[PDB]
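Inside the fold
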Amino acid sequence: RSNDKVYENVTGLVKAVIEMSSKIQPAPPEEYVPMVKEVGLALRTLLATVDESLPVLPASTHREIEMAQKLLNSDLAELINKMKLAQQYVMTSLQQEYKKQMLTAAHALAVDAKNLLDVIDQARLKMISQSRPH
């Protein structure tokens, strides 16, 4: 399997956090939250993909998708409260504390996208795993 829409969209999750990167470039803390909104739409769009991987859950994906999806649910979530936190502690010079807390968390959510990206890539391969011995 050449990593179906499953791998592609999860790449899009990272492309959503590159949105987060671009967002913060010209925009203020007001977009600290919209930028993470970009990565939130990432897991959202990903869930269209997880519904692809979902029929693959019975196939074999039930191993990955439990691990990575539950992982990213918790970590994407932290970023959406890191956008909350950043916009929650929005102060010209003091924000950076919550900024570096958002950054360190962003690295973690980057892993949640990245892990599911490969392991849901393996979801689609999980299906191949069922077709393999046939």
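Residues numbered from 1 in each chain as written, not as in the entry; some residues may be left out. Heavy atoms only, no water.

Method-wise, the PDB entry is recorded as coming from solution NMR.

Naming follows the PDB entry, where the protein appears as Focal adhesion kinase 1 of Gallus gallus. Looking at the PDB record, one finds the entry titled "SOLUTION STRUCTURE OF THE FAT DOMAIN OF FOCAL ADHESION KINASE".

Quick look at the packing of helix α1 (residues 5-24) against helix α2 (residues 32-80) now. One can describe the packing of α1 onto α2 by two numbers: an axis separation of 9 Å at closest approach and a directional angle of 170°. One element, α1, and the other, α2, form an angle in the roughly antiparallel class. For the contact of α1 with α2, the per-class residue count stands at 16 nonpolar, 5 polar and 5 charged. (Axes fitted to C-alpha atoms, helices over the stretch in contact; angles between N-to-C directions. Helix = DSSP H or I, 4+ residues; strand = E, 2+ residues; numbered from the N terminus. Parallel < 35°, antiparallel > 145°, perpendicular 65-115°, else oblique. Nonpolar A, V, L, I, M, F, W, Y, C, P; charged D, E, K, R; others polar.)

What follows deals with helix α4 (residues 96-131). Given a rise of 1.5 Å per residue, 36 residues ought to cover 52 Å, and the 51 Å separating the end C-alpha atoms of α4 matches this to within 8%. A bend of about 30° at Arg124 is the largest found in α4. (Expected span 1.5 Å × (residues − 1). Bend = angle between axes of the 7 residues up to and from the residue.)

Attention shifts here to the nonpolar core. Looking at soluble globular proteins, one finds that nonpolar side chains tend to be buried together. Counting residues in hydrophobic clusters, the biggest one holds 32 residues, and the most contacted among them are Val10, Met20, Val39, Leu46, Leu79, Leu116 and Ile120. For this core, the secondary-structure elements that each account for two or more residues are α1, α2, α3 (82-88) and α4. The element that contributes the greatest number of residues to this core is α2, accounting for 15 residues. When neighbours within four sequence positions are excluded, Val39 is seen to be in contact with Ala16, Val17, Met20, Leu76, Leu79 and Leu109. (Core = buried A, V, L, I, M, F, W, Y, C linked by side-chain atoms within 4.5 Å. Buried < 20%, exposed > 50% of the residue type's maximum accessible area, 1.4 Å probe, protein only. Contact = heavy atoms within 4.5 Å.)

For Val6, the position within the fold is in helix α1. Exposure remark for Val6: the relative accessible area of 0% places this residue in the buried category. With 118 residues separating them in the primary sequence, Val6 and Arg124 have C-alpha atoms 7.0 Å apart. If sequence neighbours within four positions are ignored, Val6 has contacts with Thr49, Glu52, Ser53, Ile120, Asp121 and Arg124.

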